[PDB]
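Its first residue numbered 3, the sequence shown is counted upward by one per residue in the working numbering.
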Amino acid sequence: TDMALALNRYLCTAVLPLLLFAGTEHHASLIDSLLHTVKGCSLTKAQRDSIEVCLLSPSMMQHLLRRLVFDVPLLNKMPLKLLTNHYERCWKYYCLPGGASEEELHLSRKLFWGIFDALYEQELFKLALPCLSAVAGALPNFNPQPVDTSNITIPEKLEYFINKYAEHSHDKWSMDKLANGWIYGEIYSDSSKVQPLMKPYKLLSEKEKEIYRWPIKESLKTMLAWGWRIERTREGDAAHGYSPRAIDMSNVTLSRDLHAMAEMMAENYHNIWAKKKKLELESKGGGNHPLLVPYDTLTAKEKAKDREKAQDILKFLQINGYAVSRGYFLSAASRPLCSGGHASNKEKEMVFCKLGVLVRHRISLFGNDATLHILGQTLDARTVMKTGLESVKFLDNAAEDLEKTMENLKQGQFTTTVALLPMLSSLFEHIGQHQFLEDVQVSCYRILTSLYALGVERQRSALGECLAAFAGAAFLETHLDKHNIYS
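1. Cα separation between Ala16 and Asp51?
2. Quick check on the DSSP output: the beta strand (DSSP E) that includes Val55 runs from which residue to which?
3. Drop a sphere of 10 angstroms on the beta-carbon of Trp228, count the other beta-carbons inside from all chains shown, and report buried for 16 or more, exposed for fewer.
4. Any contact of the stretch 257-268 with the stretch 312-322, i.e. 3+ C-beta pairs under 8 Å?
5. Can you tell me whether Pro132 is buried or exposed, with buried defined as 16 or more other CB within 10 angstroms of its CB?
6. Taking all protein chains shown into account, do 16 or more other C-beta atoms lie within 10 angstroms of the C-beta of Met251, making it buried, or fewer, making it exposed?
7. Which full runs of the beta strand (DSSP E) of 3+ residues lie inside the stretch 283-336, going along the chain?
8. Near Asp239, which residues of its chain fall below 7 Å by C-beta distance, leaving aside the five closest residues on each side in sequence?
9. Pull up the distance between the alpha-carbon of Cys97 and that of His29, whole angstroms please.
10. If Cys92 sits next to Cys43, beta carbons under 8 Å apart, how far is it from one beta carbon to the other, in whole angstroms?
11. Is it true that the CB of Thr301 sits closer than 8 Å to the CB of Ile33?
12. Taking the straight line between their C-alpha atoms, what separation do you get for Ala168 and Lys204?
13. State the DSSP-derived secondary structure class of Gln49, mapped to helix, strand or coil.
14. By the DSSP assignment, the alpha helix (DSSP H) with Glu233 in it spans what residues?
15. Kindly indicate which residue of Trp275, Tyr95 and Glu212 has the alpha-carbon position closest to the one of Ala306.
16. Mapping the DSSP letters down to three states, classify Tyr12 as helix, strand or coil.
17. Checking 8 Å against the spacing of the C-beta atoms, do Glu349 and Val394 come in under that value?
18. Just list the residues that DSSP pairs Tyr186 with in beta bridges.
19. My assumption, with CB atoms under 8 Å, is that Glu402 sits in contact with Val359. Please give the rounded CB distance.
20. With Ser176 as the anchor, note down where its alpha helix (DSSP H) starts and where it stops.
21. Would you call the stretch 162-177 and the stretch 118-125 touching, i.e. three or more CB-CB distances under 8 Å?
22. Alpha carbon to alpha carbon, how far is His65 from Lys201?
23. Tell me the rounded alpha-carbon separation between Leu20 and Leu84.
24. What's the gap between the Cα of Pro146 and the Cα of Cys340?
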């Protein structure tokens, strides 16, 4: 407490020093200062020390534009909502000069807009949904999840592999040190450069293989843990003492199957060593260690024994020739899934989720101002809501008509069976409540003139009589929506 009053006063004194490799600690450590409050009112000044510290950096800030994206999925309080969505629009600046992670940006877009069905509160989620059109327009907590390795037994085909890879290991323990060539003695006198461990491989015993054997078996058993395995293909490949005719595993190029598994093997090693660090010094009276931060931020220099050691276990597999196997693109490839995913979210506009009608539809307007396959299904997307909430065309979704064609204004002005009958089906659902309500006819006028900016035969004399029905029904302001579509 009495030294925990340091944080209270320094919410301004560590701010005024506001006015690219070793600065990664503040994107890791100081990101967790406000995360302790994610001092009460004074924590809002920590946003000014962070939401402005990201934009004018962008080397490690390129790895911090989606920093809390490993915890923005675990947002929901109010500071967990503003730790991402307020820095969402500023996350296009890092990939502005740089425009492996373009599919990870949709993880907090296809779920947080679905978590927008769980909640004023959407004052920060609305413009950040258009920042997802900017994070894909400029380029184009986090708990470790441990898995236990030794549950399975060593397969017999990879026992000719644990004796060849360990035989190469004592070469690789010397190929990094062959310019000096260190040898065994009896006493560890490192002033005269002798090691007590430099013994050859062909004179090994039943309890000294385990220095070589155990890094391989924690690197082989964890391949079978994700529904993946190893298949078969064709075959392939001074001084004196233990002098080998060896080859290096820092110049052999890899396969494309192995990339998503070996970078997951470091993610596997981000869930073993990030748990093996919790079993060494914390039970003796230790303190708080910062390695529980989000995933794309923290230092990787300890992981050089985990990112460069999780590839040569399977670079050596390509020596043996074994078939390692895995069995704005995503904003466009899932866009027909999105127009079918928002229309499936159009049925719940009648029965929190009524804000989901406005959090999903009105945010794709700039996405339609930046881009009939998905647009012809989006013309009838609100025709599921104006049929499901057809009695009221249900709290906010009964009066979401003024924002309904507002996303179809930018979609209609930005462009023969996918538009023939259904162009005047949802449009008449706006002009059908024109003189019941005037928030539907004010958007139907921009729906009837949504073709004069892009250039309804059947709906020409149904609205022309409706112009002759609402000529004085003010519904004369609703007459300009039914008189602009009668020829």
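Even for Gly, the Cβ is constructed at its ideal location relative to N, Cα and C.
Walking through what the data contain:
1. 8 Å
2. Counting along the chain, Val55 falls outside any beta strand (DSSP E), and DSSP gives it neither H nor E.
3. exposed
4. yes
5. buried
6. buried
7. 324-326
8. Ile321
9. 17 Å
10. Between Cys43 and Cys92 the Cβ distance is about 24 Å, and since that is not below 8 Å, they are no contact.
11. no
12. 11 Å
13. helix
14. From DSSP, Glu233 is part of no alpha helix (DSSP H) but of the beta strand (DSSP E) over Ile232 to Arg234.
15. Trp275
16. helix
17. no
18. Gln197
19. 5 Å
20. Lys166 to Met177
21. no
22. 43 Å
23. 20 Å
24. 31 Å
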